[PDB]
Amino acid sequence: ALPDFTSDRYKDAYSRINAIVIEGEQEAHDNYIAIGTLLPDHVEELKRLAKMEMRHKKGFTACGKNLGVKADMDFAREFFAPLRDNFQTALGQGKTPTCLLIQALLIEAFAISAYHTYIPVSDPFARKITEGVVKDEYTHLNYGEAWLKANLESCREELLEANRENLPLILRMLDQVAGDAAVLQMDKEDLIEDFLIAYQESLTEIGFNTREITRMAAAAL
């Protein structure tokens, strides 16, 4: 059944969830602009994708305002800190495949799963915004997916290392927010299932086989 969107219990859990989604969108904008320094020939497409995230950030900001909820931005900044730190380290080292696996694959699959799970349990205002985010988010092949498919043979080992370091951070992020997600009527198992399917699909597209993907998904533990 649908949660009571007016209760203090819902508003409290929404304050952290909403803030995480808002921060995720801001960091996605910053990340695609940062990737532009590593891929100067991709600047215009990256600027277009960065503008999409700011549109989503504004949409999700309005979701919190509509419910009369103040987003806990400090919690959101700390929530993203381990993953943000690893992105910055890869960026400074000029590690384009790592930067792309973090933002274009892991964060996008994390967002897709979250949005798909939230839609059937969301309030009418937030439902239209979220459905609008999914039915617009991107093209057939993502700036990262397509890039990683084209450059796989030169970056296979870096991708396996990036997955090993960053996939457990995504797992820990979900564990940290599973309680608040449950208040919003979202099942943790539905979030895990959807994320793994979306991540498996992108890896298959890039060029990894069943055995390689199995080994990669196993890095989460």
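When you see a residue number, it is the position in the sequence shown, counting from 1.
Peer 1: Do the C-alpha atoms of 66-74 or of 161-169 have the higher average B factor in the entry?
Peer 2: According to the PDB entry, the answer is 66-74.
Peer 1: Mean C-alpha B factor from the entry: is it higher for 135-143 or for 84-92?
Peer 2: Stretch with the greater average CA B-factor: 135-143.
Peer 1: Using only modelled residues of the chain, where does the Cα B factor of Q176 rank: lowest third, middle third or highest third?
Peer 2: It belongs to the middle third of the chain when residues are ordered by C-alpha B-factor.
Peer 1: Ordered by C-alpha B-factor within the chain, which third holds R211? Give me lowest, middle or highest, please.
Peer 2: Ranked within chain, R211 CA B lands in the highest tercile.
Peer 1: Based on the deposited C-alpha B factors for this chain, I'd like to know if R9 is in the lowest, middle or highest third.
Peer 2: For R9, the deposited C-alpha B-factor lands in the highest third.
Peer 1: Among the modelled residues of this chain, does the Cα B factor of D41 put it in the lowest, middle or highest third?
Peer 2: Its C-alpha B-factor belongs to the highest third of this chain's values.
Peer 1: Where does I192 sit by CA temperature factor within its chain: lowest, middle or highest third?
Peer 2: Bottom third by C-alpha B-factor.
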